[PDB]
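Please read the structure below before turning to the comments.
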Ligand SMILES: [Zn+2]
Ligand SMILES: [Zn+2]
Ligand SMILES: [Zn+2]
Ligand SMILES: [Zn+2]
């Protein structure tokens, strides 16, 4: 699957968002090396702190089906915002552990597209081995 | 799909848990009325507060693919613990919004099985309409 | 300090809430046996999942200053809602860990007042011992 | 208060951490322009996702007592780790909203000290304006 088709999957996921409170929709799609895709959308809650982000929905779905970082080809995350948005800090913390440093993260607001890797988005990362080796 | 087969799916999901820090594995499976299943497993992070529970993984996956409360037939959540466990308070807050009150939640530790609905697990719920009608 | 004066502290805390997105204000006050009080208010974030609840703000402040469950006398949580609200499921999971079973939790919307304990609000608790004994 | 004395307060807070699961202790101290300090420490939960970080404990306490970003002089965050640690991505998302761009964040492991600002720690921030303008 090419970048444009993966972004199309993420825009399809964006229509599945559950965002009664903000009305702000985020779509994501995690593409596995074997070609399997996992959609993700943001899912809000009346208790706002229980809200989940769309890119977390997608990666948690992939891991729950037995995929691991080494099995993931790419992640796309999209909005219809005025500028291209990046994953929030919570999602960066998750992706810092669950993605390898070469996995592209494609970001698009439907007008422009950017490509990042997780190390660019989160300096001075606190890692699994920082904790396990403590 | 019967209860025993749904529990078997959740036990499968339990083997996909990512829990390097606690070693405690939770599996879940959300069954849609159309027969589709969504696995969920707990996914930990070196920053413990970014951990996601397995039943959240499963329900977020279902919603991210366009299913809503009315489309969900049942949810199973399993462990290998010494007693049958219920969803934690975070997950109860999520399920209080994302499940209807008649949807069975099957709980099993592999030795005993219980059936609950969300209202039993969370008294005095704070709901979408409590917030939107404020 | 009596119940009415503790509720008054929680109403003071409610005026400190940071809720630019929902405009829904929650106040809390944790009272220590030595007479010390800790205010808490809800504090929202543009990434909704990073929002903190007021009763968590209060209890985390108490613990961060060295207090523990046996050092705490009571917790008050208040709103201006149409009915008396209880802590959300996230907060119940926290209070299940950080309060003793019978420590009073006073709830008020300014029109009615209720008294609860954590056991009444959270059946089938997942506890420290369930995890440590696994 | 000077930088060394603020770090000393954060090290005092670190001794108040509640980390029964990881045994990893973090302390923080938020210093207000009026001289008031707020300690924060990490506070774990048997449901790991309900864990709170120390720097969030501190900043939520400040806001719950009425302080806002313009009042915050500095934040210190400390550990005893092998290398100097930065706030995790969750905490960066919170600090992006609750601190001004140039408020100093002092980091120390007791052997080395660094000074950062939130802009250095979190590129491509998703802000209140991005949401409110949507
Ligand atoms: Zn996010
Ligand atoms: Zn849970
Ligand atoms: Zn809450
Ligand atoms: Zn943190």
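Which condition does residue C:110 not pass, out of (1) outside any loop (DSSP other than H, G, I, E, B); (2) more than 12 Å from chain B (Cβ to nearest Cβ); (3) away from ligand 4 (no atom under 16 Å from the Cβ), if it passes all the others?
(1)
Answer yes or no as to whether residue B:54 is away from ligand 1 (no atom under 16 Å from the Cβ) and surrounded by fewer than 22 Cβ atoms within 10 Å (Cβ to Cβ).
no
How many residues does region C:116-125 hold that are assigned to a loop (DSSP other than H, G, I, E, B), in contact (Cβ under 8 Å) with a residue 24 or more places away in the chain and at the interface with another protein chain (Cβ under 7 Å from one of its Cβ atoms)?
Matching residues across region C:116-125 total 1.
Could you tell me how many of the residues in region B:19-43 are facing another protein chain (nearest Cβ under 8 Å), closer than 24 Å to residue D:89 by Cα and surrounded by 22 or more Cβ atoms within 10 Å (Cβ to Cβ)?
Looking only at that region, the number is 3.
Residues being at positive phi and either crowded, with 23+ Cβ neighbours inside 10 Å or without any contact (Cβ under 8 Å) to a residue 60 or more places away in the chain (or both): count how many of those fall in region C:63-115.
Residues flagged as at positive phi and either crowded, with 23+ Cβ neighbours inside 10 Å or without any contact (Cβ under 8 Å) to a residue 60 or more places away in the chain (or both) within region C:63-115 amount to 1.
Return yes or no: is residue B:46 away from chain C (no Cβ under 12 Å) and closer than 25 Å to residue D:55 by Cα?
yes
Hey, could you check region C:1-45 for residues that are assigned to a helix (DSSP H, G or I) and without any contact (Cβ under 8 Å) to a residue 12 or more places away in the chain and say which is nearest to the chain's Cα centre (by Cα)?
So the residue we want is C:8.
Take residue D:60 and tell me if it is within 12 Å of chain A (Cβ to nearest Cβ) and within 24 Å of residue C:26 (Cα to Cα).
yes
Return the pair list, or none, for Cβ contacts closer than 6 Å from residues in region C:50-62 that are more than 22 Å from residue A:90 (Cα to Cα) and touching a residue at least 40 places away in the same chain (Cβ under 8 Å) to residues that are more than 16 Å from ligand 1 (Cβ to nearest atom) and part of a helix (DSSP H, G or I), at least 6 apart or on different chains.
Listed by first residue and then by second, the contacts come to C:59/C:98.
Evaluate region D:98-106: report whether one residue or more is within 12 Å of chain A (Cβ to nearest Cβ), farther than 26 Å from residue C:14 by Cα, within 14 Å of ligand 4 (Cβ to nearest atom) and within 11 Å of the chain's Cα centre (by Cα).
Taking every residue of region D:98-106 in turn, at least one turns out to be within 12 Å of chain A (Cβ to nearest Cβ), farther than 26 Å from residue C:14 by Cα, within 14 Å of ligand 4 (Cβ to nearest atom) and within 11 Å of the chain's Cα centre (by Cα).
So which of B:90, B:77 ends up being within 25 Å of residue C:133 (Cβ to Cβ), within 14 Å of chain C (Cβ to nearest Cβ) and part of a strand (DSSP E or B)?
Going through B:90, B:77 in turn, just one is within 25 Å of residue C:133 (Cβ to Cβ), within 14 Å of chain C (Cβ to nearest Cβ) and part of a strand (DSSP E or B): B:77.
The numbers here are math on the coordinates, done by the rules we state, and not lab data. Because the Cβ atoms are built from the backbone with ideal geometry, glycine has one as well, and the counts that use them run over all protein chains shown.
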